[PDB]
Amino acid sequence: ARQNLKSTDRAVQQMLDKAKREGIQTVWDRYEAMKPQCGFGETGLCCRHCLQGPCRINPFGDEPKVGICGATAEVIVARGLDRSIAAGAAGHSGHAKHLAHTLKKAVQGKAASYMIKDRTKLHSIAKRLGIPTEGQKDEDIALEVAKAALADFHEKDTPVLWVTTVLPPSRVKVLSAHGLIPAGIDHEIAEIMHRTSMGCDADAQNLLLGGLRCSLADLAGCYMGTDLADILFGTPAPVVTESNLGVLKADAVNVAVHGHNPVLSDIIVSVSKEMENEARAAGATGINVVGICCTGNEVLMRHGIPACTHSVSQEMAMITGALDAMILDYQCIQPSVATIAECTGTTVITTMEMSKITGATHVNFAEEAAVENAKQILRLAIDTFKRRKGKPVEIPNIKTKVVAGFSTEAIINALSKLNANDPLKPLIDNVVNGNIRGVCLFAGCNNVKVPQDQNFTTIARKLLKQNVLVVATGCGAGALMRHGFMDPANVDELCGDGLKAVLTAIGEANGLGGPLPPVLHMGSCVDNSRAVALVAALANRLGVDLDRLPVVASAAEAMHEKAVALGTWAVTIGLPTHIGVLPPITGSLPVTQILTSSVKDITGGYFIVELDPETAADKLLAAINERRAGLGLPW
């Protein structure tokens, strides 16, 4: 098998050869077994919203042409998309809610393993929300902030403040005029599920406006999740680490944190340091915590924990034979890990009541007992390391250097070395003079349909040569880090002269003797909210709305319902938004036209659906350059 048709990651290719030798089925094998996939589902022309279904509609030809209840193709496609947006929002609802409850418990004395680590961020959030700080104890300000977070999940006398207080007033006014501001996060999720149920909303424009509103409930949960995680665990600052399977160490207890929530992984990191002698008594050098997916990004950004792998290739970390434990909370975990564990020795451990996998070991993890729960979990890992005394392992000797930790606060601080009292101005100056053509955010998943990382790297290379400032989160950041895009040594090879000049000027002012890295890692998927904060701050400084800025987004290999919600709120806040896999919309030309064209007249953003990455890069550059022209700039 030509493994570069499956992944462009050479460590993943090596593990794919090992999996094939050993007869271990992978995600790529399960994909091949699924082909050809159902074209009704691929196009969006299938509905199972009642027990008269399944209903399908032929994309072309003869009957069936309409659902049994009379639902048209437009209605069926829009309802399916809306449910995907609601499901993404629900994942960020649970994540943010988790952190809100943890902060509340911490300041009520009920969870002593947690505390206010970033007091400055706590006070700035309180100020943004309108919560008074003068004369108040930190623990009382934090209680108020946690209560406000919980209140945004339901209707109240204000709209969702993690929308209205984080976008410029001009953008809030545009959205309010179209009825798009969410009333409550879980309120919107429930209204979507209602209006898309049988015999309810059946007008594509009305349905899609509901979808835009629910996508802003997802943005709110992301921004809430970042705000709360920064309070509890610290705002990221620049860090240096490594990525790819070579960060595993045959002689250590290798423990992957995988899933999403730092409430769990951050404690694993600190406890693992305390249990080092306990690990050495078992014959290991220590506990080697490594990251997979977003929770790996969280501990990479805050602590420099090296990233082992991401998304589609997560099983490969197990195939090395050296992964002693995989510690899970929720989201983006292939349930195949539980069965592969049987073959690879790995102990897969779930920790959250609503996210169990048959055949995994479950260790309930309560914030009230976090340290005790973490020691129980890590002792299972040490037990597993001892069982592989004497077995060979195959860890590919492949890793990259990763400079990361570029929270919005960190970026503003780095820029402030060039202009202390007007930190955004050096960035804007270089946009205006052409040294920075625009900004592109790469975000979202890998997807087995796309050779892993190929779209992220192909599009990133073309944009960097054209002097685009590239930022990245989630498994987009994972794709770019595993291919060297976060190593400043690659600036000369990857970047246009103008962008290199800017990256070098900023880095030298930060005492680096070298540039910032080619791509700025802004964190996890909830940390797409950080990109929003940066873009909104640039909008505010310029006095224009986000739909006038030369800023675009690319979910180049999207997979999860969260990525659909992300793409939709990127459009709703005003960005040209590329998606590099087909969402289930092509069976309705009216819906496609709304999402790629007429929504421009509502929010100023729009989707760019393009599966060829070189063409996608051209289209993203055209969108950036159209925004430049609209500001009167050369391009």
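Numbers follow the displayed sequence, beginning with 1.
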property: 44-52 or 606-614, whichever carries the higher mean Cα B-factor; result: 606-614
property: Higher-B stretch (mean Cα B-factor, as the entry records it), 401-409 or 258-266; result: 258-266
property: Highest-ranked of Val253, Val439, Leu81, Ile459 once sorted by CA temperature factor in the record; result: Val253
property: Residue, from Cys525, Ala149, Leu512, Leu180, that the PDB entry assigns the highest Cα B-factor; result: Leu512
property: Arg128, C-alpha B-factor rank within chain (lowest, middle or highest third); result: highest
property: Third assignment of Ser272 from its chain's C-alpha B-factors; result: highest
property: Assigned third (lowest, middle, highest) for the C-alpha B factor of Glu188; result: lowest
property: B-factor third for the C-alpha atom of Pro517 within its chain; result: middle
property: Third of chain Cα B-factors occupied by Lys97; result: middle
